[PDB]
Amino acid sequence: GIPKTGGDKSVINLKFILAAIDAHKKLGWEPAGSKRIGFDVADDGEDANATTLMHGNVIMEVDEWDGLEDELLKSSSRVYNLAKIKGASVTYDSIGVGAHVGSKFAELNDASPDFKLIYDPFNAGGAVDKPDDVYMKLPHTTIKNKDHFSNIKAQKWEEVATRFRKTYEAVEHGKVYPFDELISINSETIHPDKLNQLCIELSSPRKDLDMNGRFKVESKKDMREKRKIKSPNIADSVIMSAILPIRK
Ligand SMILES: [Mg+2]
């Protein structure tokens with residue numbers, strides 16, 4: 001329903017995530033579309049760097065590695081080379097340590113004669129895409145995107161959750177959607193440990209409220225302090241890998 005605070009409701013219901021595992025095999029489509037990498041950048045020892053590779057609407061690869069700011073170059077190079085091998089764009093956490101990532105990418109693009117990496121910064125607290133669009137129509141007013149979402153992070157998290165929910169509807173209830181509106185997790189290219197961790201992490205952050213009454217994702221800080229839960233870096237990389245480019 002409406003955005004609320006407290007409770008224990010996941011932004012992405014675990015049963016949606018389970019239903020999405022090999023959902024493209026169950027429903028009958030193969031990965032087709034743009035290739036995108038989400039790159040979450042570690043900020044403390046409590047964090048790890050995470051990458052998620054999606055092809056179209058299918059999560060294809062997940063990876064995790066340690067590294068702080070003083071090896072950022074190496075990390076950046078890693079993500080660059082992955083992007084060159086997979087032929088993918090990159091959306092990366094651009095706050096904190098990530099504020100120093102763009103430079104690195106630029107350098108590599110400047111040295112590359114053939115490959116130009118398309119990379120976009122993602123500021124979780126930034127403004128929502130299409131703020132004046134209608135999120136929900138009412139008898140005489142409309143809830144706008146700017147009325148429902150606290151920030152762009154909430155917007156992207158709910159967009160991915162909507163993908164998972166439609167996928168659950170299609171798998172468990174036989175409901176019909178255009179396949180591009182769904183999402184799938186490719187088990188054959190993801191280690192079972194990583195698949196389990198992905199399922200746990202994506203369903204870890206809870207629904208919350210900002211002080212304007214807009215939907216907000218439970219903060220990492222609140223997860224760590226109020227609930228003593230590790231940072232779901234892989235889930236953040238997944239959310240960033242699902243982001244579709246805007247302005248053209
Ligand atoms: Mg970060």
Side-chain angles (χ1 to χ4, degrees), residues 10-12 36-54 59 61-83 86 88-109 117-129 149-161 194 197-206 208 210 215-246:
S10 301
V11 173
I12 309 179
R36 308 172 313 273
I37 288 174
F39 173 31
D40 188 56
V41 179
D43 295 289
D44 313 305
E46 295 283 40
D47 274 51
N49 305 286
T51 167
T52 293
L53 169 75
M54 289 189 70
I59 295 171
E61 284 173 40
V62 174
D63 195 9
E64 202 181 23
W65 76 96
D66 282 341
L68 277 309
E69 186 164 320
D70 43 4
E71 47 238 86
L72 189 55
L73 185 74
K74 187 172 163 64
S75 299
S76 295
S77 172
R78 181 188 187 107
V79 178
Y80 194 92
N81 283 332
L82 185 67
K86 304 308 184 184
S89 60
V90 170
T91 299
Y92 68 98
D93 176 19
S94 71
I95 59 182
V97 182
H100 307 281
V101 161
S103 302
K104 310 294 189 286
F105 282 156
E107 265 178 349
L108 291 155
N109 269 351
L117 170 66
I118 294 163
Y119 54 95
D120 289 300
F122 181 71
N123 170 20
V128 300
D129 293 324
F149 292 111
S150 178
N151 49 32
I152 185 169
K153 176 170 103 164
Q155 186 177 39
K156 303 308 186 182
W157 269 85
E158 179 163 326
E159 174 176 301
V160 177
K194 288 301 168 181
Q197 183 187 337
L198 171 65
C199 292
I200 286 305
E201 285 191 10
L202 277 173
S203 65
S204 300
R206 296 175 176 179
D208 202 347
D210 81 346
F215 163 65
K216 174 183 86 162
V217 179
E218 169 187 21
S219 77
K220 204 152 72 173
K221 170 199 148 294
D222 282 352
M223 293 181 60
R224 295 225 223 102
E225 301 183 349
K226 303 193 181 300
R227 300 198 299 128
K228 284 75 74 178
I229 294 192
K230 299 186 301 178
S231 44
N233 306 108
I234 293 186
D236 297 320
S237 76
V238 167
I239 299 309
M240 280 180 294
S241 73
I243 297 172
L244 300 179
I246 206 218

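Every heavy atom of this structure was used, including side-chain atoms; hydrogens, water molecules and symmetry mates were not. Position 1 is the first residue of the sequence, and the numbers go up from there. When a ligand or atom number is given, it counts from 1 through the structure's own listing order.
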Report task. Determine the sole option in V101, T52, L82, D236 for which the side-chain contact (heavy atoms from CB on, under 4.5 Å) test with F39 is passed. Result -> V101
Query raised in the report: Checking only N/O/S atoms, does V41 have one that is under 2.8 Å from the Mg ion (ligand 1)?
Result: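 Checking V41: at least one N, O or S atom is under 2.8 Å.
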Query raised in the report: Name of the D93 N, O or S atom nearest the Mg ion (ligand 1)?
Result: OD2
Query raised in the report: Can you name the N, O or S atom of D43 that is closest to the Mg ion (ligand 1)?
Result: OD2
Query raised in the report: Which atom names give the shortest non-hydrogen contact between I152 and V128, and what distance separates them?
Result: N-CG1, 3.7 Å
Report summary line: Minimal heavy-atom distance between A48 and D66, with the atoms involved, is CB-OD1, 3.8 Å
Query - All side chain to side chain donor-acceptor pair (under 3.5 Å) counterparts of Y80, not counting sequence neighbours - result: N109
